[PDB]
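Taking the form deposited in one PDB entry, here's one chain by itself in structure tokens.
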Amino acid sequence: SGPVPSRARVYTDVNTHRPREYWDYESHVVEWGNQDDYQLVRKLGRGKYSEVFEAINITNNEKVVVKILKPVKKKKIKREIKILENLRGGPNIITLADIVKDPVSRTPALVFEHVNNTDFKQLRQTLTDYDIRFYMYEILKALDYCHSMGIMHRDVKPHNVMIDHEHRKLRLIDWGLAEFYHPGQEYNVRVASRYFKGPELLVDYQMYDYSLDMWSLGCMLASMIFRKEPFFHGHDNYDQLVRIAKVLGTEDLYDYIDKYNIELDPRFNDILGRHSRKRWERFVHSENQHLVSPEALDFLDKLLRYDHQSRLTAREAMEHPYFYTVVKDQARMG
């Protein structure tokens, strides 16, 4: 019959009330800065479209990250620039500090704030029950902000969350897949990262919304409290849903595609089988138990839902018991 339409429960009509220049990114005239302000230090990594260096702003001796672009997808670069300038100064959103170009070559570069990303990437170190609650609360701050500004991130994953552990500061980065939410709009389902794809993307439902980020978050939480990285480990996109179905159950899944009149790729029928919805207690062991609590599991469970509409919104999540101790401290520190 055609799939059943869907709309975001929160901030649904924010973009329609806005003036055009807010969401019309392909009309955005770029304001160029001065490249002499910045000097390269070391190479951070390489891409297909970009060269990325750690640089240094000589005007104030502050570290920056230069991202040199080879000017492909006129849209996708302008989309990202518009988004970052709209999301400027928001809680835990990365600051786009400047944009510039080479006088001769004309090859542009984006200048972001540097974040002293401290991976417990083998001090063999780690966090705590509280660290997880604290950082999860920080992520929600940015997501509730960007959703309120009418923008969905579409690429929430550990890699896109920068932590300077010592200074306790967190930033959400890479808004190259971020997009404006317009109700009724049918969006690309080839976003995310396999392990962090929501079921909407995996079964090809295109009228999704901010709640896509919420599933992505829930995936990150399960990863952290269960100490399994990543939590849902599919070998492809098809096996990705299988890995979810062995946890969340097939019954709620079939109910989901029924509800929205989605048509499954025939391929899933053979490989999906029929699985019970497992109790989260099955993943607890001597090495992760100190991170799993009835509050964590309750909060987790209200994120990871097949039905995108039944997920918690970013603001709702912030009001869960899981965050009480964190909210109290946030309050006490003024």
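For every residue, the number given is its place in the sequence shown, counted from 1.
Although it is not shown, the form solved in complex with a small molecule is what the next lines describe.
Task: 4.5 Å heavy atom contact, residue 52 to the small molecule in the entry with it bound - done: Residue 52: yes, in contact with the small molecule in the entry with it bound.
Open item on the list: Please determine whether residue 65 contacts the small molecule in the entry with it bound, using a 4.5 Å cut-off between heavy atoms.
Closed with: Yes, residue 65 lies within 4.5 Å of the small molecule in the entry with it bound.
TODO: Look up in the entry with it bound whether residue 173 has a non-hydrogen atom within 4.5 angstroms of the small molecule, and give yes or no.
DONE: Yes, residue 173 is a contact residue.
TODO: Using the partner position in the entry with it bound, report whether residue 94 sits within 4.5 Å of the small molecule, counting heavy atoms only.
DONE: Because a heavy atom of residue 94 falls inside 4.5 Å of the small molecule in the entry with it bound, the answer is yes.
Open item on the list: Can you work out which of 145, 226, 260, 112 has a heavy atom no more than 4.5 Å from the small molecule in the entry with it bound?
Closed with: For this set of options, the contacting one is 112.
TODO: With the small molecule left out of view, choose which of 214, 87, 162, 244 has a non-hydrogen atom within 4.5 angstroms of it in the entry with it bound.
DONE: Here the answer is residue option 162.
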